[PDB]
Structures are given as C-alpha cells and as structure tokens.
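Pasting protein_30.txt here (compact mmCIF, N, CA and C atoms):
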```
# COMPACT_ATOMS: atom_id res chain seq x y z
N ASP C 1 113.61 99.93 126.31
CA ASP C 1 113.23 100.97 127.31
C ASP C 1 111.78 101.36 127.13
N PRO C 2 111.13 101.68 128.23
CA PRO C 2 109.72 102.06 128.21
C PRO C 2 109.47 103.37 127.52
N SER C 3 110.52 104.21 127.41
CA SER C 3 110.39 105.50 126.76
C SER C 3 110.04 105.28 125.32
N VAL C 4 110.65 104.25 124.69
CA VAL C 4 110.39 103.96 123.30
C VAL C 4 108.95 103.57 123.14
N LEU C 5 108.45 102.71 124.05
CA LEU C 5 107.07 102.26 123.97
C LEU C 5 106.16 103.43 124.20
N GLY C 6 106.52 104.31 125.15
CA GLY C 6 105.70 105.47 125.45
C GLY C 6 105.62 106.35 124.24
N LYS C 7 106.76 106.52 123.53
CA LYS C 7 106.78 107.36 122.34
C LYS C 7 105.88 106.75 121.30
N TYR C 8 105.95 105.41 121.16
CA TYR C 8 105.14 104.71 120.18
C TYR C 8 103.68 104.91 120.52
N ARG C 9 103.32 104.74 121.81
CA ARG C 9 101.94 104.90 122.24
C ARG C 9 101.51 106.32 122.03
N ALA C 10 102.41 107.28 122.30
CA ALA C 10 102.08 108.68 122.14
C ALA C 10 101.72 108.95 120.70
N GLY C 11 102.48 108.36 119.76
CA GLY C 11 102.22 108.57 118.35
C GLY C 11 100.87 108.01 118.01
N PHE C 12 100.54 106.83 118.56
CA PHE C 12 99.27 106.21 118.26
C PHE C 12 98.15 106.95 118.93
N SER C 13 98.41 107.57 120.09
CA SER C 13 97.38 108.33 120.76
C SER C 13 96.99 109.44 119.83
N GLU C 14 97.99 110.06 119.17
CA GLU C 14 97.73 111.13 118.25
C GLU C 14 96.98 110.60 117.06
N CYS C 15 97.33 109.37 116.57
CA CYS C 15 96.65 108.83 115.42
C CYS C 15 95.22 108.56 115.78
N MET C 16 94.99 108.05 117.00
CA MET C 16 93.65 107.72 117.43
C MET C 16 92.79 108.95 117.45
N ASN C 17 93.31 110.08 117.96
CA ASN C 17 92.51 111.29 118.04
C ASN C 17 92.11 111.75 116.66
N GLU C 18 93.05 111.75 115.69
CA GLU C 18 92.73 112.21 114.35
C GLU C 18 91.84 111.22 113.67
N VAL C 19 92.10 109.92 113.90
CA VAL C 19 91.32 108.87 113.29
C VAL C 19 89.91 108.96 113.81
N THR C 20 89.77 109.26 115.12
CA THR C 20 88.46 109.36 115.74
C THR C 20 87.68 110.46 115.06
N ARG C 21 88.35 111.58 114.73
CA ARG C 21 87.66 112.68 114.08
C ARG C 21 87.14 112.22 112.75
N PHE C 22 87.92 111.40 112.03
CA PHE C 22 87.49 110.91 110.74
C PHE C 22 86.30 110.00 110.94
N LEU C 23 86.38 109.12 111.95
CA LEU C 23 85.30 108.19 112.22
C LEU C 23 84.06 108.93 112.65
N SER C 24 84.23 110.10 113.29
CA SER C 24 83.08 110.85 113.74
C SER C 24 82.52 111.60 112.58
N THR C 25 83.26 111.62 111.45
CA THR C 25 82.82 112.35 110.29
C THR C 25 82.09 111.40 109.38
N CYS C 26 82.61 110.16 109.23
CA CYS C 26 81.98 109.22 108.33
C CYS C 26 80.85 108.55 109.06
N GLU C 27 79.65 108.57 108.45
CA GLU C 27 78.50 107.94 109.06
C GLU C 27 77.70 107.32 107.95
N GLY C 28 78.12 106.12 107.49
CA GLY C 28 77.40 105.46 106.44
C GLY C 28 77.92 104.06 106.36
N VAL C 29 79.01 103.86 105.60
CA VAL C 29 79.58 102.54 105.45
C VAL C 29 80.90 102.58 106.14
N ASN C 30 80.85 102.55 107.47
CA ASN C 30 82.05 102.57 108.24
C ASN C 30 81.82 101.74 109.45
N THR C 31 80.81 100.86 109.42
CA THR C 31 80.57 100.00 110.55
C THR C 31 81.64 98.95 110.50
N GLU C 32 81.88 98.43 109.28
CA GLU C 32 82.90 97.43 109.08
C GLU C 32 84.22 98.12 109.18
N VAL C 33 84.29 99.35 108.62
CA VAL C 33 85.52 100.11 108.62
C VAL C 33 85.89 100.44 110.05
N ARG C 34 84.89 100.84 110.88
CA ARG C 34 85.15 101.21 112.26
C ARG C 34 85.73 100.04 113.00
N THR C 35 85.21 98.83 112.77
CA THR C 35 85.70 97.67 113.49
C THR C 35 87.16 97.47 113.20
N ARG C 36 87.55 97.52 111.91
CA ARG C 36 88.94 97.33 111.54
C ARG C 36 89.76 98.53 111.96
N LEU C 37 89.20 99.74 111.78
CA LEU C 37 89.89 100.97 112.07
C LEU C 37 90.24 101.04 113.53
N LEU C 38 89.25 100.80 114.41
CA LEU C 38 89.50 100.89 115.83
C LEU C 38 90.23 99.67 116.29
N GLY C 39 89.87 98.49 115.74
CA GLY C 39 90.50 97.26 116.15
C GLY C 39 91.97 97.29 115.85
N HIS C 40 92.36 97.80 114.67
CA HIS C 40 93.76 97.84 114.31
C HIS C 40 94.53 98.76 115.22
N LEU C 41 94.02 99.99 115.45
CA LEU C 41 94.75 100.91 116.30
C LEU C 41 94.79 100.35 117.69
N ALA C 42 93.67 99.75 118.15
CA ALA C 42 93.63 99.16 119.47
C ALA C 42 94.60 98.02 119.52
N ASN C 43 94.69 97.23 118.43
CA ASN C 43 95.58 96.09 118.42
C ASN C 43 97.00 96.58 118.54
N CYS C 44 97.34 97.69 117.84
CA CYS C 44 98.69 98.19 117.89
C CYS C 44 99.00 98.69 119.28
N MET C 45 98.03 99.36 119.92
CA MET C 45 98.26 99.90 121.24
C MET C 45 98.34 98.77 122.21
N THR C 46 97.44 97.79 122.05
CA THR C 46 97.41 96.64 122.93
C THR C 46 98.69 95.86 122.79
N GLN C 47 99.13 95.60 121.54
CA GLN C 47 100.33 94.83 121.32
C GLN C 47 101.53 95.57 121.86
N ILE C 48 101.60 96.90 121.61
CA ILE C 48 102.73 97.67 122.08
C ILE C 48 102.20 98.72 123.07
N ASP X 1 118.53 106.98 118.99
CA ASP X 1 118.88 105.94 117.98
C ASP X 1 117.87 105.94 116.86
N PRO X 2 118.33 105.64 115.66
CA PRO X 2 117.46 105.61 114.49
C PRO X 2 116.46 104.49 114.52
N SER X 3 116.74 103.45 115.33
CA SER X 3 115.84 102.32 115.44
C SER X 3 114.53 102.79 116.01
N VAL X 4 114.60 103.72 116.99
CA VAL X 4 113.41 104.23 117.63
C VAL X 4 112.59 104.97 116.60
N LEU X 5 113.25 105.80 115.78
CA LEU X 5 112.55 106.57 114.77
C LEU X 5 111.97 105.62 113.76
N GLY X 6 112.73 104.57 113.39
CA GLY X 6 112.25 103.61 112.41
C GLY X 6 111.02 102.93 112.94
N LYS X 7 111.02 102.59 114.24
CA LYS X 7 109.88 101.92 114.84
C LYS X 7 108.70 102.85 114.79
N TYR X 8 108.93 104.14 115.09
CA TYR X 8 107.87 105.13 115.09
C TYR X 8 107.31 105.23 113.69
N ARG X 9 108.20 105.33 112.67
CA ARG X 9 107.77 105.45 111.30
C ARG X 9 107.02 104.20 110.89
N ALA X 10 107.50 103.03 111.35
CA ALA X 10 106.87 101.78 111.00
C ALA X 10 105.45 101.78 111.50
N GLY X 11 105.24 102.29 112.74
CA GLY X 11 103.91 102.32 113.31
C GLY X 11 103.03 103.22 112.49
N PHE X 12 103.58 104.37 112.04
CA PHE X 12 102.80 105.31 111.27
C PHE X 12 102.55 104.77 109.89
N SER X 13 103.49 103.97 109.36
CA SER X 13 103.29 103.39 108.05
C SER X 13 102.07 102.53 108.12
N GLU X 14 101.93 101.78 109.24
CA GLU X 14 100.79 100.92 109.43
C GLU X 14 99.55 101.76 109.57
N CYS X 15 99.64 102.92 110.29
CA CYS X 15 98.47 103.75 110.47
C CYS X 15 98.05 104.29 109.14
N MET X 16 99.03 104.70 108.31
CA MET X 16 98.73 105.28 107.03
C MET X 16 97.99 104.29 106.16
N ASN X 17 98.42 103.01 106.15
CA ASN X 17 97.77 102.02 105.31
C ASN X 17 96.32 101.84 105.73
N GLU X 18 96.05 101.74 107.05
CA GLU X 18 94.69 101.54 107.51
C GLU X 18 93.89 102.80 107.29
N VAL X 19 94.52 103.95 107.54
CA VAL X 19 93.86 105.22 107.39
C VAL X 19 93.50 105.41 105.94
N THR X 20 94.40 104.99 105.03
CA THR X 20 94.17 105.13 103.61
C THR X 20 92.95 104.33 103.23
N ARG X 21 92.77 103.13 103.82
CA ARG X 21 91.62 102.31 103.51
C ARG X 21 90.37 103.05 103.91
N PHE X 22 90.41 103.75 105.06
CA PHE X 22 89.25 104.47 105.52
C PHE X 22 88.98 105.61 104.55
N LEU X 23 90.04 106.32 104.14
CA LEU X 23 89.90 107.43 103.23
C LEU X 23 89.40 106.96 101.89
N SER X 24 89.73 105.71 101.51
CA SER X 24 89.30 105.20 100.23
C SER X 24 87.88 104.75 100.36
N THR X 25 87.37 104.70 101.60
CA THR X 25 86.02 104.25 101.82
C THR X 25 85.11 105.44 101.88
N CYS X 26 85.56 106.53 102.54
CA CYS X 26 84.72 107.70 102.66
C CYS X 26 84.85 108.52 101.41
N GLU X 27 83.70 108.87 100.79
CA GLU X 27 83.73 109.66 99.60
C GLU X 27 82.54 110.58 99.66
N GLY X 28 82.69 111.70 100.41
CA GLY X 28 81.60 112.64 100.52
C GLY X 28 82.15 113.88 101.16
N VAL X 29 82.17 113.91 102.51
CA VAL X 29 82.67 115.06 103.21
C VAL X 29 83.93 114.62 103.88
N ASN X 30 84.99 114.50 103.07
CA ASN X 30 86.25 114.11 103.59
C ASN X 30 87.30 114.81 102.82
N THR X 31 86.93 115.90 102.12
CA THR X 31 87.92 116.65 101.39
C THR X 31 88.71 117.41 102.40
N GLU X 32 87.98 118.00 103.37
CA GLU X 32 88.60 118.75 104.43
C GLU X 32 89.23 117.76 105.35
N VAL X 33 88.52 116.63 105.58
CA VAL X 33 89.02 115.62 106.48
C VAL X 33 90.28 115.03 105.91
N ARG X 34 90.32 114.78 104.58
CA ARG X 34 91.49 114.19 103.95
C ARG X 34 92.68 115.08 104.13
N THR X 35 92.50 116.41 103.99
CA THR X 35 93.61 117.32 104.12
C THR X 35 94.22 117.20 105.49
N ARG X 36 93.38 117.22 106.54
CA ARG X 36 93.87 117.13 107.90
C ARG X 36 94.38 115.73 108.18
N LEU X 37 93.64 114.72 107.67
CA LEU X 37 93.96 113.33 107.91
C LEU X 37 95.32 112.99 107.35
N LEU X 38 95.55 113.35 106.07
CA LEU X 38 96.80 113.03 105.44
C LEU X 38 97.85 113.98 105.91
N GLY X 39 97.50 115.27 106.09
CA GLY X 39 98.46 116.26 106.51
C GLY X 39 99.00 115.92 107.86
N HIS X 40 98.14 115.48 108.80
CA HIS X 40 98.60 115.16 110.13
C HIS X 40 99.53 113.98 110.11
N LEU X 41 99.15 112.88 109.42
CA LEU X 41 100.02 111.71 109.40
C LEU X 41 101.30 112.08 108.70
N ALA X 42 101.20 112.86 107.61
CA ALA X 42 102.38 113.27 106.89
C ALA X 42 103.22 114.14 107.78
N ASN X 43 102.57 115.02 108.58
CA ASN X 43 103.31 115.90 109.45
C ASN X 43 104.06 115.08 110.46
N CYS X 44 103.42 114.02 111.01
CA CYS X 44 104.07 113.21 112.01
C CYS X 44 105.24 112.49 111.40
N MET X 45 105.08 111.99 110.16
CA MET X 45 106.14 111.25 109.52
C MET X 45 107.24 112.21 109.16
N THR X 46 106.85 113.38 108.65
CA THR X 46 107.82 114.38 108.26
C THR X 46 108.58 114.86 109.47
N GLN X 47 107.87 115.15 110.58
CA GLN X 47 108.52 115.64 111.77
C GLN X 47 109.42 114.58 112.33
N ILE X 48 108.95 113.32 112.37
CA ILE X 48 109.76 112.25 112.91
C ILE X 48 110.03 111.24 111.79
```
Spell out the structure here as structure tokens.
Amino acid sequence: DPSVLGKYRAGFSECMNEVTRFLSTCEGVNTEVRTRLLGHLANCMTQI
Amino acid sequence: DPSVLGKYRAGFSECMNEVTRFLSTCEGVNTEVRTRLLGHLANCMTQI
C-alpha cells in the first residue's frame, strides 16, 4: 500500500530536515560527508 | 501491522548509521546538534 511508502517517506522527510540542520551546521570537512549524507537519504527516498 | 513499523525502524536504523558517521565527523559545534540529532532520531525510533 502507498500509505506504507508515504509513512516511510514522511519519516525520511523528517530525517532530511534534521540532517539538513546538521549539514548547515558543519562547514569544514563535510563536502565528502555531504555527498554521502545527502546521496544516501536521497537514495532512500528515490528507492522508496 | 508490525512489518510497517519494522520497515520504518529499518529505515531509521539506516539513517542512524549514516547520521552517526556525520556525527563522528563533526567535532566542534555539534554538542547541541548531537543532542537534537540523536534525540530526534531516538525520539522517532522510540515513538515508532
């Protein structure tokens, strides 16, 4: 059911917002981290 | 169904691992960030 996927996406939407705050806080060695950090969450959202 | 919750937890388990890597990377102004970062993911896992 799409509700399950929506719930999953909703959870990740929340993770993305908090993760974004962390990413907006770290400004040094997070260029590589940002790629994996955003890529992974994006991959999870994209995959599901 | 518990499968939905398990899927949700599984997604957060994945977020926690990646988030942990970010937290293990940032070492400066993330004491406050860590509290919210871990507290939020923990809150989501705890709540669901």
*Members of chain X assigned helix (DSSP H, G or I) by DSSP, as an NGL selection string*: :X and (2-23 or 31-47)
- [ ] Using all atoms listed in the file, select each residue of chain C with any atom at most 8 Å away from an atom of chain X, and give the selection as an MDAnalysis selection string.
- [x] chainID C and resid 4 7:8 11:12 15 18:19 21:22 25:27 29:30 33:34 36:37 40:41
Mind pulling up the distance from atom CA of residue C:47 to atom CA of residue C:6?
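Between atom CA of residue C:6 and atom CA of residue C:47 the gap works out to 12.6 Å.
When atom CA of residue C:43 is paired with atom CA of residue C:2, their separation reads 18.2 Å.
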What separates atom C of residue X:31 and atom N of residue C:45 is a distance of 26.8 Å
All Cα atoms, paired in order, least squares: that's the fit I need for chain X onto chain C, output as an mmCIF file with N, CA and C atoms, in the coordinates of the input.
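That gives us selection.cif:
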```
data_model
loop_
_atom_site.group_PDB
_atom_site.id
_atom_site.type_symbol
_atom_site.label_atom_id
_atom_site.label_comp_id
_atom_site.auth_asym_id
_atom_site.auth_seq_id
_atom_site.Cartn_x
_atom_site.Cartn_y
_atom_site.Cartn_z
ATOM 1 N N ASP X 1 113.613 99.932 126.310
ATOM 2 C CA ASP X 1 113.232 100.977 127.304
ATOM 3 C C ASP X 1 111.781 101.353 127.134
ATOM 4 N N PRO X 2 111.132 101.682 128.235
ATOM 5 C CA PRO X 2 109.723 102.060 128.210
ATOM 6 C C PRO X 2 109.471 103.372 127.524
ATOM 7 N N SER X 3 110.521 104.208 127.412
ATOM 8 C CA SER X 3 110.390 105.496 126.761
ATOM 9 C C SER X 3 110.031 105.282 125.316
ATOM 10 N N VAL X 4 110.641 104.248 124.693
ATOM 11 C CA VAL X 4 110.395 103.957 123.300
ATOM 12 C C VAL X 4 108.945 103.564 123.140
ATOM 13 N N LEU X 5 108.444 102.710 124.043
ATOM 14 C CA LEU X 5 107.069 102.257 123.965
ATOM 15 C C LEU X 5 106.163 103.434 124.196
ATOM 16 N N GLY X 6 106.523 104.313 125.153
ATOM 17 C CA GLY X 6 105.698 105.473 125.449
ATOM 18 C C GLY X 6 105.621 106.353 124.235
ATOM 19 N N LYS X 7 106.751 106.520 123.527
ATOM 20 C CA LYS X 7 106.777 107.360 122.343
ATOM 21 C C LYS X 7 105.880 106.748 121.304
ATOM 22 N N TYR X 8 105.943 105.413 121.157
ATOM 23 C CA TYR X 8 105.136 104.709 120.179
ATOM 24 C C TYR X 8 103.679 104.917 120.522
ATOM 25 N N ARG X 9 103.313 104.737 121.816
ATOM 26 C CA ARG X 9 101.946 104.892 122.244
ATOM 27 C C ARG X 9 101.504 106.324 122.029
ATOM 28 N N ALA X 10 102.411 107.282 122.296
ATOM 29 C CA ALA X 10 102.082 108.678 122.144
ATOM 30 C C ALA X 10 101.718 108.951 120.709
ATOM 31 N N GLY X 11 102.486 108.356 119.761
ATOM 32 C CA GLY X 11 102.220 108.570 118.355
ATOM 33 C C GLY X 11 100.870 108.011 118.006
ATOM 34 N N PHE X 12 100.533 106.829 118.567
ATOM 35 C CA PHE X 12 99.268 106.201 118.265
ATOM 36 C C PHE X 12 98.146 106.951 118.926
ATOM 37 N N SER X 13 98.414 107.566 120.089
ATOM 38 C CA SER X 13 97.385 108.334 120.755
ATOM 39 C C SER X 13 96.984 109.442 119.836
ATOM 40 N N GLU X 14 97.990 110.060 119.169
ATOM 41 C CA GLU X 14 97.729 111.134 118.245
ATOM 42 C C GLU X 14 96.974 110.599 117.059
ATOM 43 N N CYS X 15 97.331 109.371 116.574
ATOM 44 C CA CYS X 15 96.648 108.824 115.422
ATOM 45 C C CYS X 15 95.220 108.567 115.783
ATOM 46 N N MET X 16 94.983 108.043 117.003
ATOM 47 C CA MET X 16 93.650 107.712 117.427
ATOM 48 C C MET X 16 92.781 108.949 117.453
ATOM 49 N N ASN X 17 93.307 110.082 117.965
ATOM 50 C CA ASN X 17 92.510 111.293 118.046
ATOM 51 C C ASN X 17 92.108 111.757 116.655
ATOM 52 N N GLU X 18 93.052 111.754 115.689
ATOM 53 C CA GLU X 18 92.735 112.211 114.350
ATOM 54 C C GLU X 18 91.828 111.212 113.675
ATOM 55 N N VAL X 19 92.100 109.924 113.897
ATOM 56 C CA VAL X 19 91.322 108.873 113.294
ATOM 57 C C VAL X 19 89.912 108.954 113.816
ATOM 58 N N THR X 20 89.763 109.259 115.119
ATOM 59 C CA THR X 20 88.458 109.354 115.735
ATOM 60 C C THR X 20 87.680 110.459 115.068
ATOM 61 N N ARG X 21 88.342 111.586 114.730
ATOM 62 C CA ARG X 21 87.663 112.685 114.082
ATOM 63 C C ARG X 21 87.136 112.217 112.750
ATOM 64 N N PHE X 22 87.922 111.391 112.033
ATOM 65 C CA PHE X 22 87.497 110.914 110.742
ATOM 66 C C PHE X 22 86.299 109.998 110.942
ATOM 67 N N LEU X 23 86.373 109.114 111.947
ATOM 68 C CA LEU X 23 85.301 108.190 112.221
ATOM 69 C C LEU X 23 84.060 108.926 112.648
ATOM 70 N N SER X 24 84.225 110.100 113.288
ATOM 71 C CA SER X 24 83.079 110.851 113.742
ATOM 72 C C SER X 24 82.523 111.603 112.576
ATOM 73 N N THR X 25 83.260 111.619 111.456
ATOM 74 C CA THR X 25 82.814 112.343 110.294
ATOM 75 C C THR X 25 82.090 111.403 109.377
ATOM 76 N N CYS X 26 82.610 110.165 109.226
ATOM 77 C CA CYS X 26 81.977 109.220 108.333
ATOM 78 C C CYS X 26 80.845 108.553 109.058
ATOM 79 N N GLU X 27 79.640 108.563 108.443
ATOM 80 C CA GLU X 27 78.509 107.942 109.056
ATOM 81 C C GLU X 27 77.697 107.328 107.947
ATOM 82 N N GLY X 28 78.120 106.120 107.497
ATOM 83 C CA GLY X 28 77.398 105.457 106.437
ATOM 84 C C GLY X 28 77.921 104.054 106.359
ATOM 85 N N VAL X 29 79.015 103.853 105.593
ATOM 86 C CA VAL X 29 79.579 102.541 105.451
ATOM 87 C C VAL X 29 80.905 102.585 106.137
ATOM 88 N N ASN X 30 80.852 102.551 107.475
ATOM 89 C CA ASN X 30 82.045 102.566 108.240
ATOM 90 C C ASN X 30 81.826 101.739 109.446
ATOM 91 N N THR X 31 80.804 100.862 109.416
ATOM 92 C CA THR X 31 80.573 99.995 110.544
ATOM 93 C C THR X 31 81.637 98.952 110.505
ATOM 94 N N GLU X 32 81.887 98.435 109.284
ATOM 95 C CA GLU X 32 82.901 97.436 109.080
ATOM 96 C C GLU X 32 84.218 98.128 109.181
ATOM 97 N N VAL X 33 84.286 99.356 108.615
ATOM 98 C CA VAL X 33 85.521 100.101 108.624
ATOM 99 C C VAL X 33 85.881 100.443 110.043
ATOM 100 N N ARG X 34 84.888 100.839 110.874
ATOM 101 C CA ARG X 34 85.150 101.210 112.255
ATOM 102 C C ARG X 34 85.729 100.049 113.002
ATOM 103 N N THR X 35 85.206 98.827 112.773
ATOM 104 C CA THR X 35 85.696 97.672 113.482
ATOM 105 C C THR X 35 87.161 97.475 113.199
ATOM 106 N N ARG X 36 87.550 97.524 111.913
ATOM 107 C CA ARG X 36 88.935 97.327 111.536
ATOM 108 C C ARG X 36 89.766 98.522 111.959
ATOM 109 N N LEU X 37 89.192 99.733 111.780
ATOM 110 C CA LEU X 37 89.886 100.968 112.072
ATOM 111 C C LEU X 37 90.249 101.044 113.535
ATOM 112 N N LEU X 38 89.255 100.801 114.415
ATOM 113 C CA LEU X 38 89.498 100.893 115.827
ATOM 114 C C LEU X 38 90.221 99.671 116.287
ATOM 115 N N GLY X 39 89.873 98.488 115.741
ATOM 116 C CA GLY X 39 90.498 97.256 116.152
ATOM 117 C C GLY X 39 91.961 97.290 115.851
ATOM 118 N N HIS X 40 92.358 97.801 114.669
ATOM 119 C CA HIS X 40 93.757 97.837 114.313
ATOM 120 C C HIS X 40 94.521 98.757 115.222
ATOM 121 N N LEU X 41 94.018 99.992 115.448
ATOM 122 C CA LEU X 41 94.747 100.918 116.307
ATOM 123 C C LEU X 41 94.787 100.346 117.699
ATOM 124 N N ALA X 42 93.669 99.752 118.150
ATOM 125 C CA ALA X 42 93.629 99.168 119.468
ATOM 126 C C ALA X 42 94.597 98.021 119.525
ATOM 127 N N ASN X 43 94.684 97.227 118.430
ATOM 128 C CA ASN X 43 95.580 96.097 118.417
ATOM 129 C C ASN X 43 96.994 96.586 118.542
ATOM 130 N N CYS X 44 97.342 97.691 117.839
ATOM 131 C CA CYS X 44 98.692 98.195 117.888
ATOM 132 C C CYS X 44 99.001 98.689 119.273
ATOM 133 N N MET X 45 98.031 99.362 119.921
ATOM 134 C CA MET X 45 98.261 99.904 121.237
ATOM 135 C C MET X 45 98.339 98.764 122.215
ATOM 136 N N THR X 46 97.441 97.791 122.049
ATOM 137 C CA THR X 46 97.415 96.647 122.934
ATOM 138 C C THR X 46 98.690 95.855 122.790
ATOM 139 N N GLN X 47 99.134 95.606 121.541
ATOM 140 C CA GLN X 47 100.331 94.834 121.319
ATOM 141 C C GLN X 47 101.520 95.575 121.854
ATOM 142 N N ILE X 48 101.595 96.895 121.607
ATOM 143 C CA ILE X 48 102.721 97.669 122.082
ATOM 144 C C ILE X 48 102.200 98.717 123.071
#
```
Extract stretch 16-36 of chain X from the coordinates I pasted, and write it as an mmCIF file, in the first residue's frame (atoms kept: N, CA, C and O atoms).
```cif
data_model
loop_
_atom_site.group_PDB
_atom_site.id
_atom_site.type_symbol
_atom_site.label_atom_id
_atom_site.label_comp_id
_atom_site.auth_asym_id
_atom_site.auth_seq_id
_atom_site.Cartn_x
_atom_site.Cartn_y
_atom_site.Cartn_z
ATOM 1 N N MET X 16 20.318 6.314 11.126
ATOM 2 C CA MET X 16 21.155 6.439 12.292
ATOM 3 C C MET X 16 22.586 6.123 11.941
ATOM 4 O O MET X 16 23.493 6.822 12.375
ATOM 5 N N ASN X 17 22.828 5.057 11.148
ATOM 6 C CA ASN X 17 24.191 4.691 10.814
ATOM 7 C C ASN X 17 24.865 5.797 10.030
ATOM 8 O O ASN X 17 26.007 6.154 10.312
ATOM 9 N N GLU X 18 24.165 6.381 9.029
ATOM 10 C CA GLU X 18 24.768 7.428 8.226
ATOM 11 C C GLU X 18 24.914 8.679 9.048
ATOM 12 O O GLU X 18 25.908 9.398 8.938
ATOM 13 N N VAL X 19 23.906 8.965 9.885
ATOM 14 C CA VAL X 19 23.925 10.143 10.716
ATOM 15 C C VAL X 19 25.072 10.032 11.686
ATOM 16 O O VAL X 19 25.757 11.013 11.974
ATOM 17 N N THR X 20 25.298 8.813 12.216
ATOM 18 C CA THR X 20 26.366 8.588 13.169
ATOM 19 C C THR X 20 27.686 8.910 12.519
ATOM 20 O O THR X 20 28.570 9.477 13.153
ATOM 21 N N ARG X 21 27.853 8.537 11.231
ATOM 22 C CA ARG X 21 29.096 8.812 10.538
ATOM 23 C C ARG X 21 29.305 10.299 10.470
ATOM 24 O O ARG X 21 30.425 10.782 10.623
ATOM 25 N N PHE X 22 28.221 11.065 10.238
ATOM 26 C CA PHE X 22 28.338 12.501 10.154
ATOM 27 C C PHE X 22 28.725 13.036 11.513
ATOM 28 O O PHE X 22 29.598 13.893 11.638
ATOM 29 N N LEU X 23 28.078 12.520 12.573
ATOM 30 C CA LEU X 23 28.354 12.967 13.919
ATOM 31 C C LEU X 23 29.764 12.613 14.307
ATOM 32 O O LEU X 23 30.391 13.316 15.092
ATOM 33 N N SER X 24 30.307 11.516 13.754
ATOM 34 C CA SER X 24 31.648 11.108 14.103
ATOM 35 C C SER X 24 32.613 11.944 13.315
ATOM 36 O O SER X 24 33.816 11.914 13.563
ATOM 37 N N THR X 25 32.095 12.710 12.335
ATOM 38 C CA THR X 25 32.948 13.523 11.513
ATOM 39 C C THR X 25 32.998 14.910 12.085
ATOM 40 O O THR X 25 34.057 15.538 12.116
ATOM 41 N N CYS X 26 31.848 15.429 12.564
ATOM 42 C CA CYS X 26 31.827 16.773 13.093
ATOM 43 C C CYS X 26 32.284 16.728 14.523
ATOM 44 O O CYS X 26 31.768 15.963 15.332
ATOM 45 N N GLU X 27 33.279 17.575 14.859
ATOM 46 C CA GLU X 27 33.777 17.619 16.208
ATOM 47 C C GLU X 27 34.102 19.052 16.511
ATOM 48 O O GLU X 27 35.255 19.476 16.436
ATOM 49 N N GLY X 28 33.067 19.846 16.860
ATOM 50 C CA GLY X 28 33.290 21.235 17.172
ATOM 51 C C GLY X 28 32.040 21.764 17.795
ATOM 52 O O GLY X 28 31.899 21.776 19.015
ATOM 53 N N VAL X 29 31.088 22.213 16.950
ATOM 54 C CA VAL X 29 29.846 22.747 17.453
ATOM 55 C C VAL X 29 28.789 21.791 17.048
ATOM 56 O O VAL X 29 28.025 22.020 16.110
ATOM 57 N N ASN X 30 28.736 20.660 17.764
ATOM 58 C CA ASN X 30 27.758 19.673 17.482
ATOM 59 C C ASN X 30 27.369 19.038 18.769
ATOM 60 O O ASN X 30 26.841 17.942 18.787
ATOM 61 N N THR X 31 27.645 19.712 19.898
ATOM 62 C CA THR X 31 27.253 19.166 21.171
ATOM 63 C C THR X 31 25.773 19.367 21.274
ATOM 64 O O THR X 31 25.021 18.476 21.675
ATOM 65 N N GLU X 32 25.331 20.575 20.880
ATOM 66 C CA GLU X 32 23.932 20.904 20.899
ATOM 67 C C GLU X 32 23.291 20.172 19.760
ATOM 68 O O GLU X 32 22.180 19.652 19.877
ATOM 69 N N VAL X 33 24.011 20.119 18.616
ATOM 70 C CA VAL X 33 23.487 19.465 17.440
ATOM 71 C C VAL X 33 23.325 17.994 17.729
ATOM 72 O O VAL X 33 22.326 17.401 17.354
ATOM 73 N N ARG X 34 24.311 17.376 18.419
ATOM 74 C CA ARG X 34 24.256 15.955 18.718
ATOM 75 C C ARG X 34 23.048 15.648 19.555
ATOM 76 O O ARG X 34 22.379 14.644 19.337
ATOM 77 N N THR X 35 22.741 16.510 20.543
ATOM 78 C CA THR X 35 21.615 16.254 21.416
ATOM 79 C C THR X 35 20.346 16.197 20.603
ATOM 80 O O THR X 35 19.544 15.279 20.756
ATOM 81 N N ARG X 36 20.139 17.184 19.713
ATOM 82 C CA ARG X 36 18.938 17.216 18.903
ATOM 83 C C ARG X 36 18.985 16.124 17.857
ATOM 84 O O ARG X 36 17.985 15.467 17.581
#
```
